[PDB]
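Working notes, structure below.
By convention in this document, chain letters (A, B, ...) are assigned in the order of the sequence lines, proteins followed by strands, and residues within each chain are numbered from 1. What you see below is based on every heavy atom in this structure, not just the backbone, and it leaves out hydrogens, waters and symmetry mates.
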Number of protein chains: 2
Amino acid sequence: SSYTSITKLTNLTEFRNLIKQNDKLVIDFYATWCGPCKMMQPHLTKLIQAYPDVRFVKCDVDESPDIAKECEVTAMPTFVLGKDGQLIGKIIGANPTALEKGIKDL
Amino acid sequence: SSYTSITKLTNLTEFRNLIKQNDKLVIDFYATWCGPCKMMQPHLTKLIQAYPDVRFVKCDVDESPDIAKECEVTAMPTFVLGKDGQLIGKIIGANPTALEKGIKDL
């Protein structure tokens, strides 16, 4: 799997159910006009392949403003991390090293 | 009072002066989407009532990223403890036992 093929969240209950069902979760909150989000796509694809025990999903902040708001996202990309049924942390910006460190620690 | 009623820090002037004004202080740095933060709320309410000589306040790290940066907050929740008008230390994570021990030492 890759950035292009992962689930794109569209609904708040859907988001809440994913969090509950997944013992390791990464959510890429991005915007389509935002360049650093595009830059992070190849990095995310690599992390998706490298971490098969982590579920990676994505969310367009402009298409799903309720979900972005729930996670207080106003800078993009924001990577939201969940562990054992709850959200635990956030990595803000196109920081591939910080993102891998967070994912590795899940 | 309770987690819901305690002062919420919304600017740096307020943050700095309230520290200076209080001889025993707990700042709960939290995020609204953060599961461990939510978990700690009932614990904080019990600690607030058990330690009426200690001022508890709270700060939303997404709403007030400047204050969070001033305390170099990374993990959610982070409790920053103050004694005699200055900050002295942190308790990191949803650890009620460790938080209560720190408060008892104030």
Side-chain angles (χ1 to χ4, degrees), chain A residues 9 11-31 54-55 57-59 61 64-95 97-106, chain B residues 3-12 14-15 26-47 57-80 89-99 102:
Chain A
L9 298 180
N11 175 274
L12 203 55
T13 305
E14 171 203 18
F15 159 79
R16 297 166 167 159
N17 294 153
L18 289 171
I19 294 156
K20 288 159 178 161
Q21 296 166 355
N22 280 280
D23 53 36
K24 302 182 209 164
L25 183 69
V26 174
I27 312 172
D28 177 358
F29 284 101
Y30 66 94
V54 181
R55 173 71 175 285
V57 303
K58 61 185 171 170
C59 184
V61 301
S64 310
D66 52 331
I67 313 170
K69 176 56 177 170
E70 179 89 351
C71 289
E72 294 291 338
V73 179
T74 50
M76 288 71 68
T78 289
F79 305 95
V80 173
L81 313 184
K83 165 94 168 281
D84 295 332
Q86 65 185 347
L87 302 178
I88 60 162
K90 161 189 280 205
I91 298 276
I92 303 175
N95 195 160
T97 306
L99 178 59
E100 172 141 24
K101 176 174 177 155
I103 287 158
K104 222 196 159 181
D105 291 340
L106 281 184
Chain B
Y3 173 82
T4 66
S5 71
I6 56 162
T7 307
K8 178 164 77 165
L9 307 178
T10 63
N11 65 80
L12 278 164
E14 184 188 20
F15 157 79
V26 173
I27 310 173
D28 176 359
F29 285 95
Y30 67 98
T32 52
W33 45 263
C34 153
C37 304
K38 290 170 176 169
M39 176 278 249
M40 289 296 282
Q41 299 173 1
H43 290 100
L44 206 72
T45 294
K46 284 172 191 79
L47 295 162
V57 304
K58 65 184 171 176
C59 184
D60 182 331
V61 167
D62 291 297
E63 182 188 317
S64 301
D66 57 338
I67 309 180
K69 180 55 175 171
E70 183 131 313
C71 286
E72 302 276 3
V73 174
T74 50
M76 292 308 114
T78 286
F79 306 90
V80 188
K90 296 202 269 222
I91 300 161
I92 298 169
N95 190 349
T97 287
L99 173 57

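Residues of residues 18-29 of chain A lying under 4.5 angstrom from chain B, judged on non-hydrogen atoms, do not exist. Contact annotation for residues 76-91 of chain A against chain B (heavy-atom separation below 4.5 Å, listed by residue number): A:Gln86, A:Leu87, A:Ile88, A:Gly89, A:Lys90.
Rounding to the nearest 0.5 angstrom, the gap separating the OG1 atom in B:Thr32 from the NZ atom in A:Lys69 is 7.0 Å.
Residues that satisfy the disulfide (SG to SG under 2.5 Å) test with B:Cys34, not counting sequence neighbours, are B:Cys37. Under the side chain to side chain contact (heavy atoms under 4.5 Å, CB included) criterion, B:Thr97 pairs with B:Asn95, sequence neighbours left out.
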